[PDB]
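In each ligand, atom 1 is the first atom listed, and ligand 1 is the first ligand listed. Atom set for the values below is all heavy atoms of this structure, side chains included, hydrogens, waters and symmetry mates excluded. Proteins come first, then strands; the chains are lettered A, B, ... in the order of their sequence lines, and each starts at number 1.
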Protein chains: 4
Amino acid sequence: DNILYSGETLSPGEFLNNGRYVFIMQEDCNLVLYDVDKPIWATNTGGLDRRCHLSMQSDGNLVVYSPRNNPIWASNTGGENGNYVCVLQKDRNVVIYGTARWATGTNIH
Amino acid sequence: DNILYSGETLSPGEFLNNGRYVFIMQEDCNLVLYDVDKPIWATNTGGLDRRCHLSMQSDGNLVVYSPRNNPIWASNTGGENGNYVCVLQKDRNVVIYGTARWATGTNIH
Amino acid sequence: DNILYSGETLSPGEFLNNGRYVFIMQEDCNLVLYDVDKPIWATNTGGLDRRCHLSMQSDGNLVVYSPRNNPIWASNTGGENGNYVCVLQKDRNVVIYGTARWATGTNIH
Amino acid sequence: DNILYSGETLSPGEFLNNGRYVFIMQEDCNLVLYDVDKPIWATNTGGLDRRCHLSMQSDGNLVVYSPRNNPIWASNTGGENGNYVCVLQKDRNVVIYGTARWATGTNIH
Ligand SMILES: OC[C@H]1O[C@H](O[C@@H]2[C@H](O)[C@@H](O)O[C@H](CO)[C@H]2O)[C@@H](O)[C@@H](O)[C@@H]1O
Ligand SMILES: OC[C@H]1O[C@H](O[C@@H]2[C@H](O)[C@@H](O)O[C@H](CO)[C@H]2O)[C@@H](O)[C@@H](O)[C@@H]1O
Ligand SMILES: OC[C@H]1O[C@H](O[C@@H]2[C@H](O)[C@@H](O)O[C@H](CO)[C@H]2O)[C@@H](O)[C@@H](O)[C@@H]1O
Ligand SMILES: OC[C@H]1O[C@H](O[C@@H]2[C@H](O)[C@@H](O)O[C@H](CO)[C@H]2O)[C@@H](O)[C@@H](O)[C@@H]1O
Ligand SMILES: OC[C@H]1O[C@H](O[C@@H]2[C@H](O)[C@@H](O)O[C@H](CO)[C@H]2O)[C@@H](O)[C@@H](O)[C@@H]1O
Ligand SMILES: OC[C@H]1O[C@H](O[C@@H]2[C@H](O)[C@@H](O)O[C@H](CO)[C@H]2O)[C@@H](O)[C@@H](O)[C@@H]1O
Ligand SMILES: OC[C@H]1O[C@H](O[C@@H]2[C@H](O)[C@@H](O)O[C@H](CO)[C@H]2O)[C@@H](O)[C@@H](O)[C@@H]1O
Ligand SMILES: OC[C@H]1O[C@H](O[C@@H]2[C@H](O)[C@@H](O)O[C@H](CO)[C@H]2O)[C@@H](O)[C@@H](O)[C@@H]1O
Ligand SMILES: OC[C@H]1O[C@H](O[C@@H]2[C@H](O)[C@@H](O)O[C@H](CO)[C@H]2O)[C@@H](O)[C@@H](O)[C@@H]1O
Ligand SMILES: OC[C@H]1O[C@H](O[C@@H]2[C@H](O)[C@@H](O)O[C@H](CO)[C@H]2O)[C@@H](O)[C@@H](O)[C@@H]1O
Ligand SMILES: OC[C@H]1O[C@H](O[C@@H]2[C@H](O)[C@@H](O)O[C@H](CO)[C@H]2O)[C@@H](O)[C@@H](O)[C@@H]1O
Ligand SMILES: OC[C@H]1O[C@H](O[C@@H]2[C@H](O)[C@@H](O)O[C@H](CO)[C@H]2O)[C@@H](O)[C@@H](O)[C@@H]1O
């Protein structure tokens, strides 16, 4: 998957992928972007705690939470309630977009 | 591909796909969403002209243009200049999100 | 997924996909290959029964079984026991390959 | 792409991908399988020369050729002429299958 939708989370070891790029919520609590074997971006929160999770929230904020549910990193983009997306793009950028401006209304459960 | 980025276009016969779903700019100028062999949404512009193209614009508007570059359908979401995305989602909805709220800044050319 | 590995099955409504192509084991027991909304190949077993499953076997034979576990269509490629793959290719062909000639041996659970 | 078909090649820097796995023909002539940032298998031909290419041949042999078109590594699976596939699987194994046993015959240009 290349998208983390608002209301979804990445558990320890889970990730987004796109070609040779991997965006992973590591077990050591560091959120890192890799280009094959080379790290190119990170939250620099490795070794702070064990088994953290990443959450794309409905308020638009992207946050890393500790095992005790305390934030340890955030994009600082919390605002109006709505629908957002965190995308690992084909050009190697990781971007948050929102809110939803238009839709076909063809969603299913 | 499941995303049409702002500044990109779908030429006649091109499309977005996601599992069993296909969102295609048909040669008959009708933009249609299919669930395998069943059409579930369309712009209802079939037979109006031949070889139209779809454009996700930098102003946030999604537009179908005729071979003479005249609009024949639009999402009516034009506004502030920026970065947007049109996504064919895993839940079968087609949604426009934007503008960009945050990014890692790791893009390459 | 674009591959059905030997030892796996497609349940009623399940499928393989690749771009604008879908290879689906339909609820009406007909196994069909679609190019967007157009059927291009089928087992022609629609109407015989409901809820059939497709199985890529370890003997190399691809078989459609009825709800009573009786075969109603097969590729007739049964042979030596081994590892095989049924692939929905990027060129629109559906092909069975095997057995395995070589491997890195890096498989994990 | 998760498959390298017979008759195709991977140029320097090109690769196969599947989720968090990448199988790349590196510019340093070393063919390596990575699990995110960790190498798990390699031809061990790094440093021998620069700009080598990987070829999945119609005789079933997977070969790494130097810039002077001399083989420097091979799977030793050459045999009858036909159709084969080198697949980077979802279970992390890299495997060669062939020849083709059956097909729908729906291939197009
Ligand atoms: O330290 C073991 C750890 O190494 C790799 O992750 C790295 C660490 O999170 C950290 O020092 O920051 C690096 C990015 O700046 C990051 O690569 C991984 O191999 C990980 O799996 C391993 O646990
Ligand atoms: O404010 C509502 C919001 O609170 C919690 O998330 C927090 C906010 O997104 C923000 O101000 O930044 C915090 C991290 O710096 C973040 O925890 C959550 O409880 C969320 O569900 C709620 O909507
Ligand atoms: O409107 C775009 C939006 O549609 C779907 O979410 C829906 C909306 O959030 C809302 O009006 O209530 C619906 C029921 O709770 C909900 O499904 C999704 O497809 C979402 O991804 C999309 O952004
Ligand atoms: O009319 C030929 C045309 O049929 C199918 O497209 C359909 C048309 O665009 C129209 O009548 O509206 C339908 C959705 O409401 C749509 O499916 C396709 O098979 C197309 O390829 C073909 O040219
Ligand atoms: O307004 C600037 C914009 O103009 C043209 O696009 C138009 C607008 O997006 C909008 O008001 O709706 C029209 C269709 O109803 C659409 O054509 C383009 O020239 C675009 O590039 C430009 O930014
Ligand atoms: O900022 C998010 C944005 O980054 C990349 O686009 C860049 C910006 O639009 C801008 O500041 O100028 C850059 C050079 O013109 C441009 O690349 C893309 O990754 C884009 O998709 C993303 O939304
Ligand atoms: O309406 C029944 C059935 O129609 C479509 O499947 C078709 C049938 O299986 C049959 O007549 O053979 C066709 C291929 O030659 C095939 O398309 C689908 O729309 C299916 O979902 C539906 O149940
Ligand atoms: O022969 C062992 C094999 O038997 C059953 O599969 C059958 C064979 O693959 C073949 O001769 O063709 C039959 C359909 O025409 C097919 O059922 C299964 O029981 C299988 O598990 C077993 O390996
Ligand atoms: O050898 C290629 C083969 O490896 C894996 O399957 C394994 C073999 O079939 C065998 O030696 O026994 C193992 C345990 O039963 C089995 O995992 C898979 O990666 C398979 O896809 C591949 O063809
Ligand atoms: O720095 C050179 C080279 O390092 C990495 O590739 C490694 C080498 O090919 C070699 O020492 O063998 C390793 C596998 O056993 C392999 O990882 C990559 O970072 C590569 O891009 C780089 O050129
Ligand atoms: O034998 C015909 C074959 O020759 C060359 O490939 C070689 C063979 O696949 C094999 O015996 O092993 C060699 C590496 O050890 C390999 O080069 C090619 O010229 C090929 O095109 C041809 O089919
Ligand atoms: O038969 C399976 C095979 O079909 C297609 O390749 C074709 C055959 O190799 C052959 O009969 O000649 C054709 C023209 O040279 C060739 O296209 C492909 O779909 C291939 O991937 C597949 O294995």
| query | Okay, side chain of C:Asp59, backbone of C:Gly79: is any donor-acceptor separation there less than 3.5 Å? | reply | no
| request: Run the numbers for me: atoms of ligand 1, each under 4.0 Å from some heavy atom of A:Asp28, listed by number. | output: 8 (C), 9 (O)
| Does the side chain of C:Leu54 come within less than 4.5 Å of C:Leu4's, by heavy atoms? | yes
| query | So, the side chain of A:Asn61 versus the backbone of A:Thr77: is there a donor-acceptor pair under 3.5 Å, distance only? | reply | yes
| note | In this structure, atom 13 (C) of ligand 1 is nearest to the protein heavy atom A:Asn30 ND2, 4.0 Å
| message | Which of the numbered atoms in ligand 6 are under 4.0 angstrom from any heavy atom belonging to B:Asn107? | response | 5 (C), 17 (O), 19 (O)
| query | Of the protein's non-hydrogen atoms, which lies at the shortest distance from atom 4 (O) of ligand 6, and what is that distance? | reply | A:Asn93 ND2, 3.2 Å
| query | Is atom 1 (O) of ligand 10 less than 4.0 angstrom from some protein heavy atom? | reply | no
| request: If you have a sec, work out which protein heavy atom is nearest atom 6 (O) of ligand 10 and how many Å separate them, to one decimal? | output: D:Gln26 NE2, 3.2 Å
| message | Checking a contact table here: which protein heavy atom is nearest atom 22 (C) of ligand 6, and how many Å away? | response | A:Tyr97 OH, 3.7 Å
| Quick one: does D:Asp91's side chain have a donor or acceptor within less than 3.5 Å of a partner on C:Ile108's backbone? | no
| request: Might you confirm whether atom CG of D:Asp1 has over 12 heavy atoms from other residues, nucleotides or ligands at distances under 6.0 Å? | output: no
| Just by distance, do the side chain of D:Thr106 and the backbone of C:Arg92 share a donor-acceptor pair under 3.5 Å? | yes
| atom 18 (C) of ligand 6 - nearest protein heavy atom and its distance | A:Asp91 OD2, 3.5 Å
| query | When you measure from the side chain of B:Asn18 to the backbone N and O of B:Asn2, does any donor-acceptor pair fall under 3.5 Å? | reply | no
| field | For atom 21 (O) of ligand 6, the protein heavy atom that lies nearest, with its residue and separation | value | A:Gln89 NE2, 3.1 Å
| query | Which residue holds the protein heavy atom closest to atom 19 (O) of ligand 10, what is that atom called, and what is the gap in Å? | reply | A:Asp37 OD2, 2.8 Å
| query | Is it true that a side-chain atom of D:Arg101 and a backbone atom of C:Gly98 form a donor plus acceptor pair closer than 3.5 Å? | reply | yes
| message | Please determine whether any non-hydrogen atom of D:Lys38 lies less than 4.0 Å from an atom of ligand 1. | response | yes
| request: Considering heavy atoms of the protein only, find what lies nearest to atom 17 (O) of ligand 10 and give residue, atom and distance to 0.1 Å. | output: D:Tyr34 OH, 2.8 Å
| For atom 10 (C) of ligand 6, is the nearest protein heavy atom under 4.0 Å away? | no
| query | Are any side-chain N or O atoms of A:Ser55 and backbone N or O atoms of A:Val63, one a donor and one an acceptor, separated by less than 3.5 Å? | reply | no
| For atom 3 (C) of ligand 6, which protein heavy atom lies nearest, and how many Å away is it? | B:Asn83 ND2, 3.6 Å
